[PDB]
Amino acid sequence: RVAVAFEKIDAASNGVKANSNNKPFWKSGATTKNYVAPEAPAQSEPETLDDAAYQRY
Amino acid sequence: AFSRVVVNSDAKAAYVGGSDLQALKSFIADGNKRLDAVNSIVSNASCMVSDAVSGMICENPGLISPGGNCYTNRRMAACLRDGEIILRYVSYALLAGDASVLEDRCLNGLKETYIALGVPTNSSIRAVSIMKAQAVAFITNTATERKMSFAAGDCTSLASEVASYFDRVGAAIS
Amino acid sequence: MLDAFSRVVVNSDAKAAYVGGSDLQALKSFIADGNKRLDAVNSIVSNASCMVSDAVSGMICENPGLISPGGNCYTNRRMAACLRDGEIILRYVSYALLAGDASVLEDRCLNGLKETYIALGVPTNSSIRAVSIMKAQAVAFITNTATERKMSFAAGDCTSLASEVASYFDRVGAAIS
Amino acid sequence: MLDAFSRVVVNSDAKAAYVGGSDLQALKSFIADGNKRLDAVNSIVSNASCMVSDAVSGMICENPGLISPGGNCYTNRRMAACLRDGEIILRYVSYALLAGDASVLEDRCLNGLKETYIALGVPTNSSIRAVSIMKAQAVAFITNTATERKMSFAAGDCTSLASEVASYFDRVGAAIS
Amino acid sequence: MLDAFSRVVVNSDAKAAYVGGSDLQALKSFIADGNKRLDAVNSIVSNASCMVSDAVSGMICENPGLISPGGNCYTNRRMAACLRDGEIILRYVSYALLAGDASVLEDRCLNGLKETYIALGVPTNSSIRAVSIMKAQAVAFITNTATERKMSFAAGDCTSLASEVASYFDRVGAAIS
Amino acid sequence: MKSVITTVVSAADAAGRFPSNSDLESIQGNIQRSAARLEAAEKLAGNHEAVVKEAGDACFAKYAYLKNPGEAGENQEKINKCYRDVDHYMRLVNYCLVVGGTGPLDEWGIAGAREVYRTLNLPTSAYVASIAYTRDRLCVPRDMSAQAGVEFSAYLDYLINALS
Amino acid sequence: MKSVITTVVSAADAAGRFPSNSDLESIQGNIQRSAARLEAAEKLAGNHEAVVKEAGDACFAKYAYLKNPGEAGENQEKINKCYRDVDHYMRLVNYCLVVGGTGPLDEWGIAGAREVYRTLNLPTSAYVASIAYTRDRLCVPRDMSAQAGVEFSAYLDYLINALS
Amino acid sequence: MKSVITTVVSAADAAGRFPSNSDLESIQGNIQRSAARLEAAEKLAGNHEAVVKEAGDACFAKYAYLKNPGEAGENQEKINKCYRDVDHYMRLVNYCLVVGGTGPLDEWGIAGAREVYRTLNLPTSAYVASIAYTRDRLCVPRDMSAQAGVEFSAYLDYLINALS
Amino acid sequence: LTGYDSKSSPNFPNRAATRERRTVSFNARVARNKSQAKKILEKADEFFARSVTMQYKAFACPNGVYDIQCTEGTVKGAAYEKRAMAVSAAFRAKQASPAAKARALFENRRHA
Ligand SMILES: C=CC1=C(C)[C@@H](Cc2[nH]c(/C=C3N=C(/C=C4\NC(=O)[C@H](C)[C@H]4CC)C(C)=C\3CCC(=O)O)c(CCC(=O)O)c2C)NC1=O
Ligand SMILES: C=CC1=C(C)[C@@H](Cc2[nH]c(/C=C3N=C(/C=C4\NC(=O)[C@H](C)[C@H]4CC)C(C)=C\3CCC(=O)O)c(CCC(=O)O)c2C)NC1=O
Ligand SMILES: C=CC1=C(C)[C@@H](Cc2[nH]c(/C=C3N=C(/C=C4\NC(=O)[C@H](C)[C@H]4CC)C(C)=C\3CCC(=O)O)c(CCC(=O)O)c2C)NC1=O
Ligand SMILES: C=CC1=C(C)[C@@H](Cc2[nH]c(/C=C3N=C(/C=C4\NC(=O)[C@H](C)[C@H]4CC)C(C)=C\3CCC(=O)O)c(CCC(=O)O)c2C)NC1=O
Ligand SMILES: C=CC1=C(C)[C@@H](Cc2[nH]c(/C=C3N=C(/C=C4\NC(=O)[C@H](C)[C@H]4CC)C(C)=C\3CCC(=O)O)c(CCC(=O)O)c2C)NC1=O
Ligand SMILES: C=CC1=C(C)[C@@H](Cc2[nH]c(/C=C3N=C(/C=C4\NC(=O)[C@H](C)[C@H]4CC)C(C)=C\3CCC(=O)O)c(CCC(=O)O)c2C)NC1=O
Ligand SMILES: C=CC1=C(C)[C@@H](Cc2[nH]c(/C=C3N=C(/C=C4\NC(=O)[C@H](C)[C@H]4CC)C(C)=C\3CCC(=O)O)c(CCC(=O)O)c2C)NC1=O
Ligand SMILES: C=CC1=C(C)[C@@H](Cc2[nH]c(/C=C3N=C(/C=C4\NC(=O)[C@H](C)[C@H]4CC)C(C)=C\3CCC(=O)O)c(CCC(=O)O)c2C)NC1=O
Ligand SMILES: C=CC1=C(C)[C@@H](Cc2[nH]c(/C=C3N=C(/C=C4\NC(=O)[C@H](C)[C@H]4CC)C(C)=C\3CCC(=O)O)c(CCC(=O)O)c2C)NC1=O
Ligand SMILES: C=CC1=C(C)[C@@H](Cc2[nH]c(/C=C3N=C(/C=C4\NC(=O)[C@H](C)[C@H]4CC)C(C)=C\3CCC(=O)O)c(CCC(=O)O)c2C)NC1=O
Ligand SMILES: C=CC1=C(C)[C@@H](Cc2[nH]c(/C=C3N=C(/C=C4\NC(=O)[C@H](C)[C@H]4CC)C(C)=C\3CCC(=O)O)c(CCC(=O)O)c2C)NC1=O
Ligand SMILES: C=CC1=C(C)[C@@H](Cc2[nH]c(/C=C3N=C(/C=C4\NC(=O)[C@H](C)[C@H]4CC)C(C)=C\3CCC(=O)O)c(CCC(=O)O)c2C)NC1=O
Ligand SMILES: C=CC1=C(C)[C@@H](Cc2[nH]c(/C=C3N=C(/C=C4\NC(=O)[C@H](C)[C@H]4CC)C(C)=C\3CCC(=O)O)c(CCC(=O)O)c2C)NC1=O
Ligand SMILES: C=CC1=C(C)[C@@H](Cc2[nH]c(/C=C3N=C(/C=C4\NC(=O)[C@H](C)[C@H]4CC)C(C)=C\3CCC(=O)O)c(CCC(=O)O)c2C)NC1=O
């Protein structure tokens, strides 16, 4: 017997399968109310303040 | 222009019985050797895709760091799913003796999809090349930790054939 | 209480016979792969807090009605005590692995656990889901099989230990079910 | 067992004295407002099929972990047992409101119910909420203050009865706690 | 009530997952060794009446105080019950070997058996002696090592069932402790 | 459960007797069917989300009144609970193939379904419309083996007879 | 619950005594303070959704680095959890105004919140930066009285000096 | 302090018995790591002066917002303090891997550590980026043998399972 | 509604007569279905009595080393007599006066 078969095949890694993007519609949906994150503004990184000496002022 | 199993959404099984295998085994030259080379891969299909994508991490540990692609355990499992599907069509391509279904259904557009999702192509070229170097040793039975029980003879013709299929995968995402 | 080396003695005291070649060679096979054993308990203690931090988050992500009021992980004090309940039962498995015998967890940890979880209103099936992930987290570490993190050992097989802790995590689970 | 008439009889028998004409004035208003109480038991029992239905389905939508697997309302055998667990409770409240006394549920329903739910592992935080939902549906039915259905009554106010069934649905929730 | 086939769907119901091909291969190996199991159950039930006659009469001969006046097997009344207290155990053990899971005797034989013997004063050294004897006999019949009873089977290995039935008898001894 | 092992061990227990010779011929018949039944459980375990998607909306195509105000498919989230309600019944058919008997259906899916579906006003005729579609949309060599499609269809008629 | 009524009966219970009139002075202080404390809670019950959205926007404005991967704001489902984590505080701040004491706060939200935030790598520096924005831009004559703007704002910085 | 010797010498006195022959078996196990662990102590003691830089620079790559004004690394002199800070933790792994236990760490490094970090607002998740970088750096062929790679890498994993 | 009616379960406690029955049948009918939760909450609080006596010994053994506070022995075998005196008196305190029974209970529910 040779017995090929074409079927949808996936794997997992310790808590979750691979096809969890396109879940069936009854499996997910309407669990909680949804927030929206605001725009976090990205500023530059600074320098220092040495002097261990202005820090009490 | 893909292959003779053109059938889409009707049953999907298509086994071959015993006497029709005798019409097939007396129709392929080294058809006994070709069936043992497929069965030396598909018995070891779980360990092949596990050692490949861990050895990809063992040479490139930047994909487990946040920002890397194989963070967020679904995406590691999606890389394990894509490692299986690259193996299962090449294990079909050794069986059929052609890369026509492989180049049309599996490798077609694989360069454009992986750059669409931000998949690193150079790491996946390393992932197929580990899967190339394993299946050479499985077919010629120079696999270290596990040796199969085959009949006597050589299989260096089929081992050069299966490296040609794995170089087509490395060409299609280069 | 008693390890495996003193389990073979207390089974022999009813026999009232000395210990000889009838029962020693399993303990010889204990020692001769004894370097494998404490090589395996290293890769549980080294990453134990990440296991339960993933086990209880994996518990709530499957059943999100545990953080809703009425679920037993609603309060922060309901969720802080969920870690320390889910840390002691992992700690007692690490004693059974090191000592070889499961005599330590069956009485100091599990005697009276089924009666307390249904006294405090702790859901039983939610904990059994959490300890089963810790069963899966262990055997991916004894044998270097986990995806995101691996470590380098001496080349060999360790399936006797990976089948042993799988026998150690369901005797926890059968004590609660 | 003991209705409102035989409630003052056993209270007068501690004194072993004749029930006079100075203490039946609390009973004669209870007769004179008796036609309101028959008018109100009919308000509850005419739509009890939807009071129990809406209570359990409301208990589930706040705490969804009762239908996640292993839950106490998971299979159809657990759910159909809950929908009779929840309407036998309403069967004795409607008994107690008609008799004008609490002697028919504190001795035939709740005497022995606290130890039953901790035997079966039933959570109490869910079983409280299904009772307190049915409380708020009854006072919306004793007074004609419901949203979807209104009934035909005479003019007047029955806040003495609406405060009485609130005093019967909370001795439930305190006994099972 | 729960065989080896239904423990897999009990385990996979807590995950709410379909039984994949990963777990069916351990369950296909149960079927593939299915004729060795029926070749092993028959090796115990065919000479079962001699096993419990050997274990009770072997226990009393290494402890002659068990029939001395003040012992637990003094009259004929205490001896006829000892012969069936032991053969009720061995009957329920073979149910757990025929099914593949200990969920028959831990639910119909061993629960409450600990509290039953301490009221009667049945000695605990002798209850686990006779099941340490019947453990030695049952591993002597499934593998052909019985000295005067050579049943003929095919050639092969039965060390796997030599660990399965030998885990049940020291699980009874952990229960009547 | 009800299977071949639980049945012969119960009638052994309900008669106070050891496993006899007739108690082992029955489990011999479990060996002669497991290799023709576990591949029906294999196919259903990997193809469930496509067979529940098309069997779920075969009832909404048949009974289109359910998407009305006041009905059982009022809003979208009650439609998604129905797909969850149907993906349980295919999961229990998968468990009856693995155990061998019809225990997982008439103890987790059938027992108490009359009291539940009368109380919450759910029509059982739309359940059996979603299960009769799966039993008919099935080819014997294409979807399964020749005798695996006899096992799988023998449990899809246990649901339809139990909900009618 | 640590309310003023409980603290004066717990010391009354421990001394084996009756309710003395020394505790009755403290109950008189409630009904003077209760009117200037409940309308801080009544205005919070009608403004909670508009204040909890406006709070978390300064959480991500002061620390915009949380949108990076590996942090606690990389995907949408836990930024949704961030608003739920901070709504639960500003409900327990509403609950403790009605009681009058700090009872619900230090028992439900606070006790056990240290050893789970560093466990799941959540900083408290962004937690205290959420309510300090809420506690500042609120004009004491414009929204409520000059007394509720003192008493309610005395509850919000109770979190900050218990978390830091 | 914790070691192989002082742990097992305690139960001799705390149970009131002599030195046994089982505790004599325990120091024999300390001989098998005495020429197997102490090679890592002399390794890093001549190696810290270049790895205090590359593991001190390791965390600020992960967390560039510490050098931002306002927070705990707002000036240069704070970062002068910050490099001295991380030169106390693996200053103790030279003290821990010379003794045989976690003695210099469980009594000098973690005791009171979570309480001086909540009050002084030091983010504990940057120490997870500081010395666990050396865990992802360690080369068993080049730097030192796999006996340090199982023991120096173990003592680090004690610390990340302590500062979290 | 579930069925044609909703009668109470026969597994509910206090369901039989107990009016003019024998002593053997009186006691069998008052403890009908109450025996389970009495033994559930008997192993519950005994596990609580076993759990907090562990959580305070962690201070007695800080970071896995024993202090001078444990010290159950000073001479050869100086814990064997301490073994008996601690467990024989624990039975002596379980045969106390019936006045000291609830005096122990209500005062433990005072200081804690
Ligand atoms: C809802 C959210 C959600 C999750 C958090 C995960 C949770 C999760 N992880 C694993 C499974 C695992 N979890 C871990 C744990 C870890 N991996 C590591 O290497 C670290 C040390 C540690 C995280 C810090 C490991 C090692 C495995 C096994 C390997 C693997 O499956 O990837 C499993 C087991 C699958 C089962 O239930 O049988 C689950 C549920 N899945 C989810 O759906
Ligand atoms: C090198 C180390 C070093 C420091 C870190 C500072 C610390 C510091 N700050 C102030 C100074 C002060 N500190 C406060 C108090 C505060 N204001 C607030 O709003 C906050 C909540 C809180 C600080 C967190 C006030 C009000 C003053 C006085 C006003 C001022 O001088 O700015 C003082 C008093 C000056 C003195 O000592 O005589 C000191 C010592 N000084 C040092 O030598
Ligand atoms: C788990 C169990 C399981 C099943 C029962 C089937 C059910 C099934 N069949 C088809 C799919 C199909 N089904 C048929 C049906 C038939 N072909 C014929 O010649 C006959 C007339 C008829 C069998 C009686 C055909 C022709 C297709 C291909 C697409 C279509 O026409 O629907 C599909 C759509 C996906 C696909 O194309 O594979 C599904 C879910 N599939 C499964 O996975
Ligand atoms: C490999 C490619 C392939 C084939 C060559 C055919 C197989 C095939 N078989 C037979 C020949 C036959 N076919 C049958 C038919 C049957 N035998 C039985 O025992 C059953 C009852 C029944 C269905 C299987 C019989 C009886 C013969 C004649 C004897 C024989 O040669 O087997 C013939 C005609 C004569 C011949 O050429 O041999 C062909 C063309 N099918 C294929 O797929
Ligand atoms: C952590 C770092 C890490 C790695 C870098 C890789 C190590 C690794 N091993 C192999 C190589 C191989 N891998 C296998 C696979 C297997 N052998 C078996 O017996 C099993 C059936 C199966 C899973 C274990 C085989 C058969 C070879 C070829 C034999 C060999 O070269 O050792 C290869 C491919 C050959 C090459 O090009 O170098 C690599 C990269 N694995 C790791 O873990
Ligand atoms: C049979 C059809 C089939 C293919 C032609 C290929 C192509 C392919 N890759 C992915 C999708 C993916 N593929 C990977 C895989 C990888 N990324 C890495 O970092 C590694 C190098 C590598 C694994 C070894 C990842 C991580 C995703 C998910 C990407 C994402 O979710 O953003 C998807 C899912 C997206 C979709 O359905 O639209 C598909 C179809 N895989 C298939 O299943
Ligand atoms: C000797 C061994 C030993 C144990 C086994 C545990 C057992 C245990 N658990 C809790 C107590 C608890 N344990 C949990 C834990 C959980 N509840 C759930 O819903 C989840 C399944 C799980 C978290 C994952 C919770 C929520 C409490 C309640 C704490 C409380 O009353 O506030 C208590 C004391 C009561 C209390 O904390 O108030 C004890 C002794 N402790 C021990 O000392
Ligand atoms: C998540 C799911 C979800 C629901 C299904 C509803 C269910 C629901 N309805 C009511 C509340 C009520 N339920 C009823 C019951 C009925 N009304 C009628 O006219 C009929 C006769 C009968 C059911 C058909 C009545 C009369 C009220 C009071 C009026 C009202 O507040 O709507 C309550 C009580 C609120 C409380 O806890 O105080 C709940 C939970 N709410 C939810 O959150
Ligand atoms: C056997 C069947 C049977 C019944 C159904 C009741 C029917 C009933 N209700 C009332 C009569 C009444 N019923 C009510 C009650 C109410 N009015 C409201 O608006 C409130 C919603 C509700 C409070 C519970 C009031 C206020 C009266 C007027 C008389 C009175 O107050 O005593 C009367 C006396 C006057 C009359 O005949 O109209 C009767 C017979 N009695 C019965 O014997
Ligand atoms: C002084 C009294 C005395 C006895 C009566 C015997 C009884 C006896 N036999 C065995 C040991 C055994 N007993 C049997 C039982 C039997 N063998 C058969 O062939 C029959 C079918 C069946 C008896 C009717 C078997 C099969 C073994 C193990 C192997 C063997 O000896 O044959 C043991 C276990 C030894 C142990 O404790 O570990 C004992 C106590 N021994 C004694 O010391
Ligand atoms: C209804 C009643 C019923 C039975 C009694 C058994 C009878 C039975 N046993 C075996 C078959 C067997 N039985 C054994 C068992 C053993 N052999 C040993 O050497 C060990 C001492 C012993 C372990 C217990 C083995 C090893 C085989 C052959 C299986 C194999 O070799 O793979 C077979 C298949 C091979 C054959 O005999 O043709 C059958 C039918 N089956 C049944 O259906
Ligand atoms: C493990 C076994 C198991 C099952 C078989 C189901 C059975 C089941 N379904 C529902 C619940 C439901 N079932 C449906 C299903 C349907 N309504 C329709 O329009 C169609 C007739 C049909 C699907 C096509 C709907 C819509 C609900 C929600 C009804 C409600 O609660 O208002 C409930 C109530 C609890 C809940 O809401 O989940 C239960 C026990 N659930 C289980 O746990
Ligand atoms: C009873 C009161 C009560 C609380 C106070 C919270 C406390 C709390 N928060 C989280 C969980 C969380 N809390 C946050 C919140 C934040 N992270 C950030 O980026 C910001 C600093 C902040 C939002 C402003 C996030 C992102 C998680 C998810 C972390 C995780 O699950 O891994 C969890 C884990 C369980 C869950 O995710 O639901 C708990 C118990 N929950 C409660 O039930
Ligand atoms: C005279 C008064 C009286 C009652 C109140 C019930 C009380 C009761 N409930 C159950 C039994 C039960 N009761 C419930 C009910 C619930 N569980 C939940 O999750 C919810 C909180 C709640 C309903 C919404 C459930 C789920 C069972 C389980 C049935 C089972 O175990 O299969 C049982 C045991 C089964 C039986 O004996 O039939 C009893 C006696 N019976 C009575 O005779």
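Assorted remarks:
- Segment F:83-106 - residue that is hydrophobic (A, V, I, L, M, F, W, C) and facing another protein chain (nearest Cβ under 7 Å) and, of those, surrounded by the fewest Cβ atoms within 10 Å (Cβ to Cβ): F:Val98
- Any hit, segment D:166-175, residues being under 30 Å from I:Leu41 (Cα atoms), away from ligand 11 (no atom under 16 Å from the Cβ) and touching a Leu at 6+ places or on another chain (Cβ under 6 Å): yes
- Close pairs from segment B:14-28: first touching a residue at least 60 places away in the same chain (Cβ under 8 Å) and more than 8 Å from every other protein chain (Cβ to nearest Cβ), partner of a type in the set (S, T, N, Q) and surrounded by 12 or more Cβ atoms within 10 Å (Cβ to Cβ), Cβ under 6 Å, at least 6 apart: none
- Per the conditions (1) small (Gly, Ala, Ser); (2) in a helix (DSSP H, G or I); (3) touching a residue at least 40 places away in the same chain (Cβ under 8 Å), the sole criterion not satisfied by F:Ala61 is (3).
- For segment I:68-81, the criterion of being outside any loop (DSSP other than H, G, I, E, B), over 30 Å from H:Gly112 (Cα atoms) and either of a type outside the set (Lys, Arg) or in contact with a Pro (Cβ under 7 Å, 6 or more places away or on another chain) (or both) is met by at least one residue.
- Checked against (1) facing another protein chain (nearest Cβ under 7 Å); (2) over 11 Å from the mean Cα position of the chain (by Cα), G:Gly109 passes all but condition (2).
- Verdict on D:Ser22 being on the phi < 0 side of the Ramachandran plot, surrounded by fewer than 16 Cβ atoms within 10 Å (Cβ to Cβ) and more than 12 Å from ligand 14 (Cβ to nearest atom): yes
- Subset tally (residues that are more than 9 Å from ligand 6 (Cβ to nearest atom), at the interface with another protein chain (Cβ under 7 Å from one of its Cβ atoms) and within 16 Å of A:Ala11 (Cβ to Cβ)) for segment B:50-87: 2
- For F:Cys82, the requirement of being under 13 Å from the mean Cα position of the chain (by Cα), under 22 Å from A:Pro24 (Cβ atoms) and not hydroxyl-bearing (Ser, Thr, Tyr) is not met.
- Answer from A:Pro46, A:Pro41 - the residue that is touching a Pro at 6+ places or on another chain (Cβ under 9 Å) and either loosely packed, with under 11 Cβ neighbours inside 10 Å or not acidic (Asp, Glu) (or both): A:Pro46
- Test for B:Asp10: is it surrounded by fewer than 15 Cβ atoms within 10 Å (Cβ to Cβ) and closer than 22 Å to A:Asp10 by Cα: yes
- The set of residues in segment E:110-139 that are in contact (Cβ under 8 Å) with a residue 60 or more places away in the chain and among the hydrophobic types (A, V, I, L, M, F, W, C) comprises E:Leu110, E:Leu113, E:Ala130, E:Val131, E:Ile133, E:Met134, E:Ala138.
- Listed by first and then second residue, the pairs with beta-carbon distance under 6 Å, at least 6 apart or on different chains, first residue in segment F:24-45 and of a type in the set (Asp, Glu), second surrounded by fewer than 21 Cβ atoms within 10 Å (Cβ to Cβ) and in a helix (DSSP H, G or I), are F:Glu42/E:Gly21.
- Yes/no for B:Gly31 being more than 16 Å from ligand 9 (Cβ to nearest atom) and away from chain F (no Cβ under 14 Å): yes
- Unmet criterion (only one of (1) within 12 Å of the chain's Cα centre (by Cα); (2) surrounded by 20 or more Cβ atoms within 10 Å (Cβ to Cβ); (3) within 11 Å of another protein chain (Cβ to nearest Cβ)) for B:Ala45: (2)
- Filter result (within 14 Å of another protein chain (Cβ to nearest Cβ) and either touching a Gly at 6+ places or on another chain (Cβ under 8 Å) or in a loop (DSSP other than H, G, I, E, B) (or both)) within segment G:112-151: G:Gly112, G:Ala113, G:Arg118, G:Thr119, G:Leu120, G:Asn121, G:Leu122, G:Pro123, G:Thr124, G:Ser130
- Checking the stated criteria, F:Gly112 turns out not to satisfy the condition of being touching a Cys at 6+ places or on another chain (Cβ under 7 Å), away from ligand 10 (no atom under 16 Å from the Cβ) and free of Cβ contacts under 8 Å to residues at least 40 places away in the same chain.
- Restricting attention to segment G:1-20 and to residues that are among the aliphatic types (A, V, I, L, M) and surrounded by 11 or more Cβ atoms within 10 Å (Cβ to Cβ), the residue that is nearest to G:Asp106 (Cα to Cα) turns out to be G:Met1.
- Total residues in segment B:156-174, condition of a type in the set (A, V, I, L, M, F, W, C) and out of contact with any helix residue (DSSP H, G or I) (no Cβ under 7 Å at 6 or more places or on another chain): 1
- Lone unmet requirement of (1) within 30 Å of E:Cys109 (Cα to Cα); (2) at the interface with another protein chain (Cβ under 8 Å from one of its Cβ atoms) for F:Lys2: (2)
- Of all residues in segment A:10-35, exactly one satisfies the criterion of being more than 7 Å from every other protein chain (Cβ to nearest Cβ) and within 15 Å of the chain's Cα centre (by Cα), namely A:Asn21.
- Any hit, segment D:116-126, residues being aromatic (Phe, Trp, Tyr), within 14 Å of another protein chain (Cβ to nearest Cβ) and more than 16 Å from ligand 10 (Cβ to nearest atom): yes
- Positions within segment G:39-77 being within 13 Å of chain A (Cβ to nearest Cβ) and small (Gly, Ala, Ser), in sequence order: G:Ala55, G:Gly56, G:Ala58, G:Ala61, G:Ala64, G:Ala72, G:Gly73
- Some residue of segment I:18-26 being surrounded by 12 or more Cβ atoms within 10 Å (Cβ to Cβ) and part of a loop (DSSP other than H, G, I, E, B): yes
- Pairs are defined by a Cβ separation below 7 Å, a sequence spacing of at least 6 or placement on different chains, a first member in segment D:151-163 that is away from chain I (no Cβ under 14 Å) and within 11 Å of D:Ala140 (Cα to Cα), and a second member that is assigned to a helix (DSSP H, G or I) and more than 6 Å from ligand 9 (Cβ to nearest atom); the pairs so defined are D:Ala162/D:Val139.
- Annotation note: of B:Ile64, B:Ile139, the sole residue that is within 18 Å of C:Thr145 (Cα to Cα) and not charged (D, E, K, R) is B:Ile64.
- Filtered by the rule that a residue be among the β-branched types (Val, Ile, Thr) and either more than 10 Å from chain F (Cβ to nearest Cβ) or within 10 Å of ligand 10 (Cβ to nearest atom) (or both), segment E:17-62 gives E:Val52, E:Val56, E:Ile60.
- Flag if C:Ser57 is surrounded by fewer than 18 Cβ atoms within 10 Å (Cβ to Cβ) and within 15 Å of G:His88 (Cα to Cα): no
Read-outs: derived from the displayed coordinates by stated rules, not from any lab. Please note: Cβ atoms are built from the backbone with ideal geometry, for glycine as well, and neighbour counts cover all protein chains shown.
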